[PDB]
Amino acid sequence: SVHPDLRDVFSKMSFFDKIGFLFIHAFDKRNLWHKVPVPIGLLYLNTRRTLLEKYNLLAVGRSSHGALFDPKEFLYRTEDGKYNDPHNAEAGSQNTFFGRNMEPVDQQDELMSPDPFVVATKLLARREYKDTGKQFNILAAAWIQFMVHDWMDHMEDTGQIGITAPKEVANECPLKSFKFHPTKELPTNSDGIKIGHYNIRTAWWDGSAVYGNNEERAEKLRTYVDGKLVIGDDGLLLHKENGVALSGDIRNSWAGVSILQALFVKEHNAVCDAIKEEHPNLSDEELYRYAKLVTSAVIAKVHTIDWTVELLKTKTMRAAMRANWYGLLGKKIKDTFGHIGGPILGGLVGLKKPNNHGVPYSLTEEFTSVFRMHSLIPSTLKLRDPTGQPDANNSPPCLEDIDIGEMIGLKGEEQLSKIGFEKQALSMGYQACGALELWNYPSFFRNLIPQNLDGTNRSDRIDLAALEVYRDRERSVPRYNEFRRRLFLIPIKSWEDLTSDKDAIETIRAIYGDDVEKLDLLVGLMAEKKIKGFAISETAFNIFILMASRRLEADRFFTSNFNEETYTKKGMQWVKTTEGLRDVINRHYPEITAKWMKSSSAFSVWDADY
């Protein structure tokens, strides 16, 4: 039968949705979807995706009456993300509402319940350091922040509020209190959801972390010759006199992200060289437009079939992510004959029309919440010598341990300037990142300098762990158990359902009591027992089934305009022949690649034996 908490929604479903639900629920009740052979696993995922697309896409703000335009007149990715969706010129652009995956839950009377500092101190603060083994390295951790920089940032109110640590835990808090800005609340003037928040980044997967979020930023980064972007002679980003990096989105960053931005600047410039060689007479503007299309597609491809495949290290997930990109008919057929069939057989990429499933494209409040993965950052970075004698392990030899707190923000840019690209990248490649588990949140995040929009330092330092828990509540995102119910997942009845870590359970009970409905989303996501091979929780993964597919399927430039006319022949060939981050690093840094990158993926610890 059907879980009691899901009986109501089940009874209201259409016959076809009832069938899909009973199929997935049969596996879920026995925790079986990830324990079956690949074909049944894929059917499960596709079925779950179809249900999420129907029940978990909610508009924020009025949907009708988008600004009028012809897509044939906009065959490029605009500086602010406008003019993608023919029916909604503003969809995916800078300064638009975050959508929702679920109806908001008002928590305005419980923003401090339980206390954010108590949560941060007792449940999140790093104790014994936990890492991912060989599965996922520090480049993988930098990569995902690099994507967040592409995707999402919430507009802030101009006023300030503050939180003070209670006496029970103050002695263990690096900060005793801190100030920050509330999330800006805007009226939707719509019949549905009444209050929304604005995304100040472009929600389209458009390489905006490299290119900028609007025309005013984008102009600052260009050489205006041959379509190219500015880069230093050391292969690192240039800096303004105030110490801020010249790149697309540089706010609240660190050295690991800066090297990826520099790498993709070189990628963009190399694409410019290649296209100009085939088409000698293109202007700077035309070359920039084509190269941005190519580089943003390379980024989406590397993320989809390389980064995600190492994050979710199972057979079913490698097949699923490759199917989203290439289709179930596979790369050879896709590359030779183009897109065949629908989203399953031919993939999301190269669909003849974009598909938003009836709801204007946006990234969502919940997508923000499940991407809060600050525990991926290790406490220290082991620097290695790119030209050292291979050690006892045949690794490059160790040079010194550096506190990763010294590699963050403006001071991090200074330290990176003394270390250089090769040493930073090699060192990050050879070290595991942190695991997404409880008690694994870096101490330097507990007394962090946050930045203004323009990248400059704020004087009010923050306890990020405490602030994150506060933000989810402030933004009306359902807490862990309700969040699961809204995704058609079986809720916990007791703490034992969540994890078998006895120490975790005892600490959770001391803070939340026996009220499973009180458990914060972030705490639940970190605590949840993980599927073998999964670096993330199943709960987070469910938001991603829907939203990662949506980033590709809703975008004209991954679908109707993913072709030679739009990208150029050479541009399309560049995307088609690039399979992962290894290919990009090999292009610009073949020496450290040949000497030290032994793993097939550049996201594995580089001496992994696969």
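From 1 onward, residues are counted along the sequence shown.
Enquirer: Per the entry, where is the mean C-alpha temperature factor higher: 357-365 or 158-166?
Expert: Of 158-166 and 357-365, the stretch with the higher C-alpha B-factor average is 158-166.
Enquirer: Averaging CA B factors per stretch from the PDB record, which one is higher: 458-466 or 189-197?
Expert: Stretch with the greater average CA B-factor: 189-197.
Enquirer: Quick one: which of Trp325, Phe371, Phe74, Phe136 shows the highest Cα temperature factor in the PDB entry?
Expert: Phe74 has the highest C-alpha B-factor of those listed.
Enquirer: Among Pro396, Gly409, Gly347, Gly99, which carries the highest Cα B-factor?
Expert: Of the options given, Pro396 has the highest CA B-factor in the PDB entry.
Enquirer: Rank-wise, by C-alpha B-factor, drop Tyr512 into the lowest, middle or highest third of its chain.
Expert: It belongs to the highest third of the chain when residues are ordered by C-alpha B-factor.
Enquirer: Where does the C-alpha B-factor of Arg582 rank in its chain, lowest, middle or highest third?
Expert: Its C-alpha B-factor, which the entry lists for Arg582, ranks in the lowest third among residues of this chain.
Enquirer: Taking the C-alpha B-factors as the PDB entry records them, is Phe69 in the lowest, middle or highest third of its chain?
Expert: As the PDB entry reports it, the C-alpha B-factor of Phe69 lands in the highest third of its chain.
Enquirer: Report the third (lowest, middle or highest) to which the CA temperature factor of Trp495 belongs, ranking only the modelled residues of the same chain.
Expert: Highest third - that is where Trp495 ends up once the chain's C-alpha B-factors are sorted.
Enquirer: Split the chain's modelled residues into thirds by Cα B-factor; is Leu238 in the lowest, middle or highest one?
Expert: CA B-factor rank for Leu238: middle third.
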